[PDB]
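Asker: Structure supplied as start.pdb; contents: PDB, C-alpha atoms and all ligand atoms.
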ATOM      1  CA  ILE A   1      -7.396 -11.767 -22.937  1.00  0.00           C
ATOM      2  CA  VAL A   2      -8.720 -15.115 -24.230  1.00  0.00           C
ATOM      3  CA  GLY A   3     -12.413 -16.010 -24.132  1.00  0.00           C
ATOM      4  CA  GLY A   4     -13.427 -12.554 -22.876  1.00  0.00           C
ATOM      5  CA  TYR A   5     -15.615  -9.884 -24.425  1.00  0.00           C
ATOM      6  CA  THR A   6     -15.376  -6.391 -25.735  1.00  0.00           C
ATOM      7  CA  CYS A   7     -15.662  -4.164 -22.652  1.00  0.00           C
ATOM      8  CA  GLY A   8     -17.172  -1.264 -24.546  1.00  0.00           C
ATOM      9  CA  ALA A   9     -15.505   2.166 -24.930  1.00  0.00           C
ATOM     10  CA  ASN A  10     -14.335   3.680 -21.666  1.00  0.00           C
ATOM     11  CA  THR A  11     -16.306   1.244 -19.357  1.00  0.00           C
ATOM     12  CA  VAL A  12     -13.041   0.529 -17.470  1.00  0.00           C
ATOM     13  CA  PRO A  13     -12.047   4.203 -16.971  1.00  0.00           C
ATOM     14  CA  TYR A  14      -8.997   3.423 -14.723  1.00  0.00           C
ATOM     15  CA  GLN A  15      -7.378   1.247 -17.424  1.00  0.00           C
ATOM     16  CA  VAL A  16      -4.114   2.602 -18.832  1.00  0.00           C
ATOM     17  CA  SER A  17      -1.968   1.517 -21.880  1.00  0.00           C
ATOM     18  CA  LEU A  18       1.871   2.016 -21.419  1.00  0.00           C
ATOM     19  CA  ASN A  19       3.341   2.964 -24.813  1.00  0.00           C
ATOM     20  CA  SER A  20       6.971   3.142 -25.867  1.00  0.00           C
ATOM     21  CA  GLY A  21       6.098   3.587 -29.552  1.00  0.00           C
ATOM     22  CA  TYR A  22       3.554   0.787 -29.357  1.00  0.00           C
ATOM     23  CA  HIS A  23       1.449  -0.658 -26.531  1.00  0.00           C
ATOM     24  CA  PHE A  24       3.494  -3.040 -24.454  1.00  0.00           C
ATOM     25  CA  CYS A  25       1.669  -3.147 -21.020  1.00  0.00           C
ATOM     26  CA  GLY A  26      -1.462  -2.107 -19.174  1.00  0.00           C
ATOM     27  CA  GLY A  27      -1.701  -0.370 -15.832  1.00  0.00           C
ATOM     28  CA  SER A  28      -4.246   1.271 -13.446  1.00  0.00           C
ATOM     29  CA  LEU A  29      -4.674   4.971 -12.551  1.00  0.00           C
ATOM     30  CA  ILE A  30      -4.782   5.281  -8.725  1.00  0.00           C
ATOM     31  CA  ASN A  31      -5.085   9.132  -8.585  1.00  0.00           C
ATOM     32  CA  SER A  32      -4.312  12.024 -11.061  1.00  0.00           C
ATOM     33  CA  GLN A  33      -0.528  11.717 -10.751  1.00  0.00           C
ATOM     34  CA  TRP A  34       0.125   7.945 -10.330  1.00  0.00           C
ATOM     35  CA  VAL A  35      -0.246   4.607 -12.095  1.00  0.00           C
ATOM     36  CA  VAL A  36       0.543   1.076 -10.749  1.00  0.00           C
ATOM     37  CA  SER A  37       1.604  -1.648 -13.251  1.00  0.00           C
ATOM     38  CA  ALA A  38       3.872  -4.687 -13.091  1.00  0.00           C
ATOM     39  CA  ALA A  39       7.619  -4.364 -12.481  1.00  0.00           C
ATOM     40  CA  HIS A  40       8.294  -6.695 -15.414  1.00  0.00           C
ATOM     41  CA  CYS A  41       6.795  -3.904 -17.611  1.00  0.00           C
ATOM     42  CA  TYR A  42       9.653  -1.570 -16.542  1.00  0.00           C
ATOM     43  CA  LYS A  43      11.122   0.358 -19.550  1.00  0.00           C
ATOM     44  CA  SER A  44      12.755   3.766 -19.813  1.00  0.00           C
ATOM     45  CA  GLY A  45      10.740   6.214 -22.094  1.00  0.00           C
ATOM     46  CA  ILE A  46       7.073   5.399 -21.224  1.00  0.00           C
ATOM     47  CA  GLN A  47       4.100   7.480 -22.302  1.00  0.00           C
ATOM     48  CA  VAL A  48       0.910   6.672 -20.415  1.00  0.00           C
ATOM     49  CA  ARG A  49      -2.279   6.678 -22.424  1.00  0.00           C
ATOM     50  CA  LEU A  50      -5.585   7.246 -20.593  1.00  0.00           C
ATOM     51  CA  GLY A  51      -9.182   7.126 -22.034  1.00  0.00           C
ATOM     52  CA  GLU A  52      -8.319   4.594 -24.635  1.00  0.00           C
ATOM     53  CA  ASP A  53     -10.542   2.065 -26.193  1.00  0.00           C
ATOM     54  CA  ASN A  54      -9.123   1.404 -29.687  1.00  0.00           C
ATOM     55  CA  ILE A  55      -5.343   1.896 -29.296  1.00  0.00           C
ATOM     56  CA  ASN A  56      -4.734   2.562 -32.949  1.00  0.00           C
ATOM     57  CA  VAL A  57      -7.394   5.255 -33.461  1.00  0.00           C
ATOM     58  CA  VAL A  58      -7.542   8.616 -31.669  1.00  0.00           C
ATOM     59  CA  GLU A  59     -11.277   8.492 -30.836  1.00  0.00           C
ATOM     60  CA  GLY A  60     -11.280  11.674 -28.835  1.00  0.00           C
ATOM     61  CA  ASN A  61     -11.136  10.737 -25.128  1.00  0.00           C
ATOM     62  CA  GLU A  62      -7.446  10.118 -24.758  1.00  0.00           C
ATOM     63  CA  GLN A  63      -4.838  11.905 -22.682  1.00  0.00           C
ATOM     64  CA  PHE A  64      -1.215  10.853 -23.498  1.00  0.00           C
ATOM     65  CA  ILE A  65       1.106  11.907 -20.613  1.00  0.00           C
ATOM     66  CA  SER A  66       4.769  11.066 -20.266  1.00  0.00           C
ATOM     67  CA  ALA A  67       6.074   9.403 -17.119  1.00  0.00           C
ATOM     68  CA  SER A  68       8.400  11.545 -14.936  1.00  0.00           C
ATOM     69  CA  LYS A  69       9.610   8.617 -12.842  1.00  0.00           C
ATOM     70  CA  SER A  70       9.157   4.865 -12.365  1.00  0.00           C
ATOM     71  CA  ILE A  71       9.747   2.978  -9.066  1.00  0.00           C
ATOM     72  CA  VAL A  72      10.061  -0.784  -9.146  1.00  0.00           C
ATOM     73  CA  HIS A  73       9.353  -2.523  -5.840  1.00  0.00           C
ATOM     74  CA  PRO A  74      12.606  -2.784  -3.747  1.00  0.00           C
ATOM     75  CA  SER A  75      12.270  -6.587  -3.598  1.00  0.00           C
ATOM     76  CA  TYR A  76      11.189  -7.381  -7.138  1.00  0.00           C
ATOM     77  CA  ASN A  77      12.894 -10.659  -8.210  1.00  0.00           C
ATOM     78  CA  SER A  78      12.673 -10.918 -12.043  1.00  0.00           C
ATOM     79  CA  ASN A  79      13.469 -14.626 -11.802  1.00  0.00           C
ATOM     80  CA  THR A  80      10.507 -15.651  -9.701  1.00  0.00           C
ATOM     81  CA  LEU A  81       8.396 -12.551 -10.353  1.00  0.00           C
ATOM     82  CA  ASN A  82       7.821 -12.140  -6.643  1.00  0.00           C
ATOM     83  CA  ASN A  83       6.831  -8.520  -5.747  1.00  0.00           C
ATOM     84  CA  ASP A  84       5.916  -7.809  -9.332  1.00  0.00           C
ATOM     85  CA  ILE A  85       4.626  -4.269  -8.904  1.00  0.00           C
ATOM     86  CA  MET A  86       5.892  -0.744  -9.988  1.00  0.00           C
ATOM     87  CA  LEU A  87       4.610   2.806  -9.683  1.00  0.00           C
ATOM     88  CA  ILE A  88       4.727   5.368 -12.496  1.00  0.00           C
ATOM     89  CA  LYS A  89       4.318   9.078 -11.808  1.00  0.00           C
ATOM     90  CA  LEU A  90       2.916  11.250 -14.607  1.00  0.00           C
ATOM     91  CA  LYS A  91       4.652  14.396 -15.719  1.00  0.00           C
ATOM     92  CA  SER A  92       1.330  16.284 -15.578  1.00  0.00           C
ATOM     93  CA  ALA A  93      -1.867  15.406 -13.799  1.00  0.00           C
ATOM     94  CA  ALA A  94      -4.584  13.742 -15.665  1.00  0.00           C
ATOM     95  CA  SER A  95      -7.983  15.495 -15.903  1.00  0.00           C
ATOM     96  CA  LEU A  96     -10.356  12.961 -14.347  1.00  0.00           C
ATOM     97  CA  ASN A  97     -13.723  12.745 -15.950  1.00  0.00           C
ATOM     98  CA  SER A  98     -16.223  10.014 -16.891  1.00  0.00           C
ATOM     99  CA  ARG A  99     -13.735   8.325 -19.205  1.00  0.00           C
ATOM    100  CA  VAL A 100     -10.668   8.797 -17.005  1.00  0.00           C
ATOM    101  CA  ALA A 101     -11.192   7.768 -13.341  1.00  0.00           C
ATOM    102  CA  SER A 102      -8.944   6.240 -10.698  1.00  0.00           C
ATOM    103  CA  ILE A 103      -9.574   2.895  -8.917  1.00  0.00           C
ATOM    104  CA  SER A 104      -9.468   2.424  -5.131  1.00  0.00           C
ATOM    105  CA  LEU A 105      -6.777   0.522  -3.302  1.00  0.00           C
ATOM    106  CA  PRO A 106      -8.179  -2.276  -1.092  1.00  0.00           C
ATOM    107  CA  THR A 107      -8.671  -2.058   2.668  1.00  0.00           C
ATOM    108  CA  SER A 108      -8.447  -5.883   3.029  1.00  0.00           C
ATOM    109  CA  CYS A 109      -7.556  -8.792   0.751  1.00  0.00           C
ATOM    110  CA  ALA A 110     -10.287 -10.550  -1.247  1.00  0.00           C
ATOM    111  CA  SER A 111     -11.457 -14.085  -0.608  1.00  0.00           C
ATOM    112  CA  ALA A 112     -11.309 -16.994  -2.919  1.00  0.00           C
ATOM    113  CA  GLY A 113     -14.613 -17.191  -4.761  1.00  0.00           C
ATOM    114  CA  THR A 114     -14.809 -13.407  -5.240  1.00  0.00           C
ATOM    115  CA  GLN A 115     -15.565 -12.449  -8.894  1.00  0.00           C
ATOM    116  CA  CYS A 116     -13.231  -9.943 -10.464  1.00  0.00           C
ATOM    117  CA  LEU A 117     -12.878  -8.050 -13.709  1.00  0.00           C
ATOM    118  CA  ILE A 118      -9.648  -8.452 -15.768  1.00  0.00           C
ATOM    119  CA  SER A 119      -9.068  -6.139 -18.742  1.00  0.00           C
ATOM    120  CA  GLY A 120      -6.475  -5.560 -21.466  1.00  0.00           C
ATOM    121  CA  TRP A 121      -5.395  -5.361 -25.110  1.00  0.00           C
ATOM    122  CA  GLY A 122      -3.423  -8.615 -25.080  1.00  0.00           C
ATOM    123  CA  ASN A 123      -3.488 -11.703 -27.255  1.00  0.00           C
ATOM    124  CA  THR A 124      -6.928 -13.317 -27.622  1.00  0.00           C
ATOM    125  CA  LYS A 125      -6.003 -16.863 -28.783  1.00  0.00           C
ATOM    126  CA  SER A 126      -4.562 -19.618 -26.539  1.00  0.00           C
ATOM    127  CA  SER A 127      -2.787 -21.168 -29.450  1.00  0.00           C
ATOM    128  CA  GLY A 128      -2.187 -18.348 -31.917  1.00  0.00           C
ATOM    129  CA  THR A 129      -1.659 -14.598 -32.138  1.00  0.00           C
ATOM    130  CA  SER A 130      -4.537 -12.138 -32.600  1.00  0.00           C
ATOM    131  CA  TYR A 131      -4.067  -8.774 -30.971  1.00  0.00           C
ATOM    132  CA  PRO A 132      -7.258  -6.741 -30.595  1.00  0.00           C
ATOM    133  CA  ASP A 133      -7.340  -2.958 -30.954  1.00  0.00           C
ATOM    134  CA  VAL A 134     -10.169  -2.460 -28.405  1.00  0.00           C
ATOM    135  CA  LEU A 135     -10.251  -3.345 -24.717  1.00  0.00           C
ATOM    136  CA  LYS A 136     -11.287  -6.874 -23.813  1.00  0.00           C
ATOM    137  CA  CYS A 137     -12.751  -7.910 -20.491  1.00  0.00           C
ATOM    138  CA  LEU A 138     -13.013 -11.114 -18.570  1.00  0.00           C
ATOM    139  CA  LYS A 139     -14.901 -11.783 -15.284  1.00  0.00           C
ATOM    140  CA  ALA A 140     -13.009 -14.494 -13.343  1.00  0.00           C
ATOM    141  CA  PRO A 141     -13.050 -15.685  -9.727  1.00  0.00           C
ATOM    142  CA  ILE A 142     -10.146 -15.788  -7.359  1.00  0.00           C
ATOM    143  CA  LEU A 143      -9.123 -19.396  -6.826  1.00  0.00           C
ATOM    144  CA  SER A 144      -8.071 -21.036  -3.582  1.00  0.00           C
ATOM    145  CA  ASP A 145      -4.377 -20.915  -2.900  1.00  0.00           C
ATOM    146  CA  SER A 146      -4.491 -24.673  -2.810  1.00  0.00           C
ATOM    147  CA  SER A 147      -5.518 -24.981  -6.414  1.00  0.00           C
ATOM    148  CA  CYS A 148      -3.018 -22.213  -7.351  1.00  0.00           C
ATOM    149  CA  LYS A 149      -0.136 -23.995  -5.533  1.00  0.00           C
ATOM    150  CA  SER A 150      -0.915 -27.426  -7.006  1.00  0.00           C
ATOM    151  CA  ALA A 151      -0.806 -25.939 -10.512  1.00  0.00           C
ATOM    152  CA  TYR A 152       2.577 -24.276  -9.905  1.00  0.00           C
ATOM    153  CA  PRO A 153       4.479 -26.243  -7.109  1.00  0.00           C
ATOM    154  CA  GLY A 154       7.183 -24.238  -5.359  1.00  0.00           C
ATOM    155  CA  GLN A 155       6.449 -21.079  -7.402  1.00  0.00           C
ATOM    156  CA  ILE A 156       3.617 -19.192  -5.573  1.00  0.00           C
ATOM    157  CA  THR A 157       4.498 -16.835  -2.667  1.00  0.00           C
ATOM    158  CA  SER A 158       2.162 -14.993  -0.348  1.00  0.00           C
ATOM    159  CA  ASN A 159       2.396 -12.059  -2.795  1.00  0.00           C
ATOM    160  CA  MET A 160       0.527 -13.903  -5.509  1.00  0.00           C
ATOM    161  CA  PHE A 161      -2.946 -15.413  -6.127  1.00  0.00           C
ATOM    162  CA  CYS A 162      -4.541 -17.198  -9.077  1.00  0.00           C
ATOM    163  CA  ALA A 163      -7.766 -16.258 -10.789  1.00  0.00           C
ATOM    164  CA  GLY A 164      -9.436 -17.985 -13.672  1.00  0.00           C
ATOM    165  CA  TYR A 165     -10.896 -21.311 -14.701  1.00  0.00           C
ATOM    166  CA  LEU A 166      -8.879 -24.508 -14.140  1.00  0.00           C
ATOM    167  CA  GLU A 167     -10.850 -25.985 -17.088  1.00  0.00           C
ATOM    168  CA  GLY A 168      -9.029 -23.440 -19.340  1.00  0.00           C
ATOM    169  CA  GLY A 169     -10.754 -21.409 -22.058  1.00  0.00           C
ATOM    170  CA  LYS A 170     -10.653 -17.975 -20.341  1.00  0.00           C
ATOM    171  CA  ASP A 171      -7.427 -16.184 -19.099  1.00  0.00           C
ATOM    172  CA  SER A 172      -5.104 -13.146 -19.344  1.00  0.00           C
ATOM    173  CA  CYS A 173      -2.314 -13.426 -22.000  1.00  0.00           C
ATOM    174  CA  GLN A 174       0.675 -11.375 -23.165  1.00  0.00           C
ATOM    175  CA  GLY A 175      -0.081  -7.787 -23.887  1.00  0.00           C
ATOM    176  CA  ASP A 176      -2.292  -7.840 -20.695  1.00  0.00           C
ATOM    177  CA  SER A 177       0.733  -7.673 -18.352  1.00  0.00           C
ATOM    178  CA  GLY A 178       0.483  -4.910 -15.740  1.00  0.00           C
ATOM    179  CA  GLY A 179      -3.292  -4.494 -16.057  1.00  0.00           C
ATOM    180  CA  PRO A 180      -5.906  -4.540 -13.329  1.00  0.00           C
ATOM    181  CA  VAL A 181      -7.895  -7.293 -11.585  1.00  0.00           C
ATOM    182  CA  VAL A 182     -10.733  -5.333  -9.809  1.00  0.00           C
ATOM    183  CA  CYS A 183     -13.018  -7.088  -7.335  1.00  0.00           C
ATOM    184  CA  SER A 184     -15.792  -5.281  -5.398  1.00  0.00           C
ATOM    185  CA  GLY A 185     -14.604  -1.863  -6.485  1.00  0.00           C
ATOM    186  CA  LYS A 186     -10.987  -2.330  -5.371  1.00  0.00           C
ATOM    187  CA  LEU A 187      -7.762  -3.034  -7.294  1.00  0.00           C
ATOM    188  CA  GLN A 188      -6.753  -6.448  -5.827  1.00  0.00           C
ATOM    189  CA  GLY A 189      -4.341  -7.688  -8.466  1.00  0.00           C
ATOM    190  CA  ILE A 190      -1.981  -6.985 -11.340  1.00  0.00           C
ATOM    191  CA  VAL A 191      -1.563  -9.317 -14.371  1.00  0.00           C
ATOM    192  CA  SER A 192       1.827 -10.856 -13.727  1.00  0.00           C
ATOM    193  CA  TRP A 193       2.432 -14.285 -15.200  1.00  0.00           C
ATOM    194  CA  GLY A 194       0.966 -17.678 -16.083  1.00  0.00           C
ATOM    195  CA  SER A 195       1.805 -20.792 -18.193  1.00  0.00           C
ATOM    196  CA  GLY A 196       0.728 -20.047 -21.786  1.00  0.00           C
ATOM    197  CA  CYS A 197      -2.832 -18.678 -21.903  1.00  0.00           C
ATOM    198  CA  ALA A 198      -6.134 -20.342 -21.088  1.00  0.00           C
ATOM    199  CA  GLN A 199      -4.574 -23.832 -20.726  1.00  0.00           C
ATOM    200  CA  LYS A 200      -6.236 -26.372 -18.485  1.00  0.00           C
ATOM    201  CA  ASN A 201      -5.025 -26.399 -14.831  1.00  0.00           C
ATOM    202  CA  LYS A 202      -2.810 -23.382 -15.595  1.00  0.00           C
ATOM    203  CA  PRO A 203      -4.653 -20.300 -14.290  1.00  0.00           C
ATOM    204  CA  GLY A 204      -3.064 -16.835 -14.577  1.00  0.00           C
ATOM    205  CA  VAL A 205      -1.101 -15.581 -11.567  1.00  0.00           C
ATOM    206  CA  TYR A 206      -1.668 -12.078 -10.182  1.00  0.00           C
ATOM    207  CA  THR A 207       0.325  -9.764  -7.909  1.00  0.00           C
ATOM    208  CA  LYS A 208      -1.618  -9.531  -4.565  1.00  0.00           C
ATOM    209  CA  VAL A 209      -1.985  -5.753  -4.131  1.00  0.00           C
ATOM    210  CA  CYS A 210      -3.470  -5.842  -0.627  1.00  0.00           C
ATOM    211  CA  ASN A 211       0.009  -6.695   0.623  1.00  0.00           C
ATOM    212  CA  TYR A 212       1.530  -3.477  -0.885  1.00  0.00           C
ATOM    213  CA  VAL A 213      -0.884  -0.751   0.207  1.00  0.00           C
ATOM    214  CA  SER A 214       1.428   0.723   2.888  1.00  0.00           C
ATOM    215  CA  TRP A 215       4.334   0.734   0.366  1.00  0.00           C
ATOM    216  CA  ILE A 216       2.207   2.392  -2.323  1.00  0.00           C
ATOM    217  CA  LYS A 217       0.830   5.105  -0.008  1.00  0.00           C
ATOM    218  CA  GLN A 218       4.287   5.831   1.498  1.00  0.00           C
ATOM    219  CA  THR A 219       5.974   5.929  -1.844  1.00  0.00           C
ATOM    220  CA  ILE A 220       3.523   8.212  -3.633  1.00  0.00           C
ATOM    221  CA  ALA A 221       3.462  10.693  -0.776  1.00  0.00           C
ATOM    222  CA  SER A 222       7.247  10.913  -0.705  1.00  0.00           C
ATOM    223  CA  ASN A 223       7.608  11.365  -4.518  1.00  0.00           C
TER     224      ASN A 223
HETATM  225 CA    CA B   1      -7.797   5.534 -29.217  1.00  0.00          CA
HETATM  226 MG    MG B   2      -4.074  -4.953 -19.128  1.00  0.00          MG
END
What does the file become when written as structure tokens?
Ligand SMILES: [Ca+2]
Ligand SMILES: [Mg+2]

Answerer:
Amino acid sequence: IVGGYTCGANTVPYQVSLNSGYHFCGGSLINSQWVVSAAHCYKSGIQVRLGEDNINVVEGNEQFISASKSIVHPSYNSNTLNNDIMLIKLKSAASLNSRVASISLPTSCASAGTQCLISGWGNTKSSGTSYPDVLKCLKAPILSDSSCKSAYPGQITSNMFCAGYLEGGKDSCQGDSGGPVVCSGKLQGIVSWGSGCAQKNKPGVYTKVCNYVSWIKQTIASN
């Protein structure tokens, strides 16, 4: 996350770190047995880490649970990143508490202008590499599809939205992939892609979760 701030330990209790020997993607806990992340984060051998703040120091509120199964969206296209969403079931149920909580799925899509919260352990420089060990946060508004489509002609589908600042300066970056974009108490997006980080007229692009609620509910209940 570039230009954001330190969230504070466990202030984003639904935030997950996917680890395959190191942190490689974020995710969101939607209930004790399931996590939603990005399909481009798919890997075999994932351990889900809950209640994290510093990812290199066991501070006491973590739960590390292995994944039993992963389900990438049936229509994920890794070339365009359309339908960039995946579900991860935990081998054991998490123990929800103040530090480990789930986030709600949306009932309707959010409007442009709505302020959201983006969080992750990704790169914090736009031009450089500095990976933080504690969770960083960024409040950013959803942009109009018009400004999103002008920035990326022929690349945005109805399953994507942009959030950020066209002036640049604040944005998600690598290491944030798969993490949450929460607006008004609901999980509305997933960090998917963008052009570099915090560049001018290049906002980050997010998976539009409100379009996958029936698929998520149907899939988790049948698995
Ligand atoms: Ca830790
Ligand atoms: Mg993240």

Asker: Can you check which parts of chain A lie within 8 Å of ligand MG 2 (chain B)? Per residue, the shortest pair of atoms and distance in Å to one decimal, counting all atoms listed in the file, sorted by chain and number, as JSON lines.

Answerer:
{"residue": "A:15", "atom": "CA", "partner": "B:MG2", "partner_atom": "MG", "distance": 7.2}
{"residue": "A:16", "atom": "CA", "partner": "B:MG2", "partner_atom": "MG", "distance": 7.6}
{"residue": "A:17", "atom": "CA", "partner": "B:MG2", "partner_atom": "MG", "distance": 7.3}
{"residue": "A:25", "atom": "CA", "partner": "B:MG2", "partner_atom": "MG", "distance": 6.3}
{"residue": "A:26", "atom": "CA", "partner": "B:MG2", "partner_atom": "MG", "distance": 3.9}
{"residue": "A:27", "atom": "CA", "partner": "B:MG2", "partner_atom": "MG", "distance": 6.1}
{"residue": "A:118", "atom": "CA", "partner": "B:MG2", "partner_atom": "MG", "distance": 7.4}
{"residue": "A:119", "atom": "CA", "partner": "B:MG2", "partner_atom": "MG", "distance": 5.1}
{"residue": "A:120", "atom": "CA", "partner": "B:MG2", "partner_atom": "MG", "distance": 3.4}
{"residue": "A:121", "atom": "CA", "partner": "B:MG2", "partner_atom": "MG", "distance": 6.1}
{"residue": "A:122", "atom": "CA", "partner": "B:MG2", "partner_atom": "MG", "distance": 7.0}
{"residue": "A:175", "atom": "CA", "partner": "B:MG2", "partner_atom": "MG", "distance": 6.8}
{"residue": "A:176", "atom": "CA", "partner": "B:MG2", "partner_atom": "MG", "distance": 3.7}
{"residue": "A:177", "atom": "CA", "partner": "B:MG2", "partner_atom": "MG", "distance": 5.6}
{"residue": "A:178", "atom": "CA", "partner": "B:MG2", "partner_atom": "MG", "distance": 5.7}
{"residue": "A:179", "atom": "CA", "partner": "B:MG2", "partner_atom": "MG", "distance": 3.2}
{"residue": "A:180", "atom": "CA", "partner": "B:MG2", "partner_atom": "MG", "distance": 6.1}
{"residue": "A:191", "atom": "CA", "partner": "B:MG2", "partner_atom": "MG", "distance": 6.9}

Asker: Rounded to one decimal place, report the CA of residue 160 (chain A)-CA of residue 223 (chain A) distance in Å.

Answerer: 26.3 Å

Asker: Point out the residue among A:63, A:70, A:150, A:114 with the least atom-to-atom distance to ligand CA 1 (chain B), counting all atoms listed in the file.

Answerer: A:63

Asker: Would you name the residues within 12 Å of ligand CA 1 (chain B), counting only C-alpha atoms and all ligand atoms, and put them as a list in words?

Answerer: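 Using only C-alpha atoms and all ligand atoms, I find these residues within 12 Å of ligand CA 1 (chain B): residues 9, 10, 16, 17, 23, 49, 50, 51, 52, 53, 54, 55, 56, 57, 58, 59, 60, 61, 62, 63, 64, 99, 121, 133, 134 and 135 of chain A.
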
Asker: Where does the PyMOL selection byres (((chain A and resi 69) around 10) and not hetatm) land in this file, that is, which residues does it pick, as a VMD selection string?

Answerer: chain A and resid 34 44 to 46 66 to 68 70 to 71 87 to 91 223

Asker: To verify the selection step, state as a list in words which residues the PyMOL selection byres (((chain A and resi 7) around 7) and not hetatm) yields on this input.

Answerer: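 Here the PyMOL selection byres (((chain A and resi 7) around 7) and not hetatm) matches residues 5, 6, 8, 9, 11, 135, 136 and 137 of chain A.
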
Asker: If the box runs along x, y and z of the file and leaves 6 Å on each side of region 47-56 of chain A, what are its centre and edge lengths in Å, one decimal, as lines of an AutoDock Vina configuration file?

Answerer:
center_x = -3.2
center_y = 4.4
center_z = -26.7
size_x = 26.6
size_y = 18.1
size_z = 24.5

Asker: Running the PyMOL selection byres (((chain A and resi 117) around 7) and not hetatm) on this model by hand, what would come out? Give it as a ChimeraX atom specification.

Answerer: /A:116,118-119,137-140,181-183
